[PDB]
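Below you'll find only one chain, the form deposited in one PDB entry, shown as structure tokens.
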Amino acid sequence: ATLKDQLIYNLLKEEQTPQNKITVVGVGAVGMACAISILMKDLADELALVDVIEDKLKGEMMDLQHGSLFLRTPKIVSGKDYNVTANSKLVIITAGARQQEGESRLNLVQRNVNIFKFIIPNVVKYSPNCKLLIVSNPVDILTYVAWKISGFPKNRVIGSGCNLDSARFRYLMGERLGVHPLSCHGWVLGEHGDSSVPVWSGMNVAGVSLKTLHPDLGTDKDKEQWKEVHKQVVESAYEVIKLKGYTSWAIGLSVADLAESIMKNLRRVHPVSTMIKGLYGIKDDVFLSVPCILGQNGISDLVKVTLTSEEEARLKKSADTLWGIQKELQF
């Protein structure tokens, strides 16, 4: 008998079926930050990685496996073939093309769409019941693209959206007030990044409305220039990109936070990008961030935030602009 059989007596020929499986597609800096954050939060019993760069994919997988002693996720797999992703509960898309020198963002949009046309059908083939969490940028457009290609109902297609923008907002608010972001509440909604909308009416500590304490909050008359807090939500992302080349740690932690609510059926509220047609006069198929209740079925509910006329008009303008771009995309 082999040493294994001398040492170990086998009771069961196991069926080996994954119960809490997560897949990450695209193992760049963002995908691997998502991966490590999920691993260190014990959110999955199996982690699958997919990419098209075969050596990079296998190297990252092996690096994680070598740390298995320090983890409680017993199976880490990888491959270019999507059979490694079968029966995932949650599939996180972090794939994208590399912007070339002198290439505009507009050119990236169709290249990432072309990547999604290859990825998303293979995801559905092997995990027809999964939740899809889209991180690749432009995230609101690509969440729509993923929704359309997958055929999924809208509860099962989730865009990272303004989850990270809101985390940045609360960090910066916390720095102004000397309070941990966990206790500084404030919401950034709409489009991820440049066009996001700070909802000044919801900014509060311990339920005390900042806007009621300081009616000029967020306006141009504001002597304390709190609008600069939202300007820095946008500008600080561009700054990290300039300083280190890309962002990764903050989005990875924010993605693991969303995965936690989904895998643990927590029904916490997150600002994520969701199919918003039927609200705010929006009549087109577009994805924008609103506060959503997240659990094991994806987005089961959303909060209807009371918006001023100006705030509603900004969200409607994002919806119109997104539909304008989406109708020109080739599927």
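Residues that one form lacks are left out of the comparison. Rigid core (definition): largest C-alpha set, two forms, superposition within 1.5 Å. Sequential numbering from 1, following the sequence displayed.
For the pair 59-67 and 281-289, the mean Cα B-factor is higher in 281-289. Just going by the entry, 114-122 versus 216-224 on mean CA temperature factor gives the higher value to 216-224. Taking only the listed residues 257, 103, 175, 140, the entry reports the highest CA temperature factor at 103. Ranking 131, 185, 242, 72 by Cα temperature factor from the entry places 242 first. Residue 135: CA B factor in the lowest third of modelled residues in this chain (values from the PDB entry). Ranked against the other modelled residues of its chain, the C-alpha B-factor of residue 54 as given in the entry falls in the highest third. Per-chain ranking of the deposited C-alpha B factor places residue 314 in the middle third. Placement of the Cα temperature factor of residue 274 within the chain: lowest third of the modelled residues, per the deposited record.
In the deposited entry, the Cα temperature factor of residue 308 sits in the top third of values across the chain's modelled residues.
This protein has a second form, the form deposited in another entry, left out of what is shown; the following refers to that one.
Large C-alpha shift between the shown form and the other one, rigid core held fixed: of 182, 243, 208, 106, this applies to 106 alone, with a displacement of 2 Å or more. A change of 3 Å or more separates the two forms for residue 244 and residue 104: their C-alpha atoms lie farther apart in that other deposited form.
By 3 Å or more, the C-alpha separation between residue 105 and residue 325 shrinks in that other deposited form relative to the form shown here. Taking a Cα shift of 2 Å or more after superposition on the rigid core as the cut-off, the single stretch of three or more consecutive residues that moves between the shown form and the other one is 100-107.
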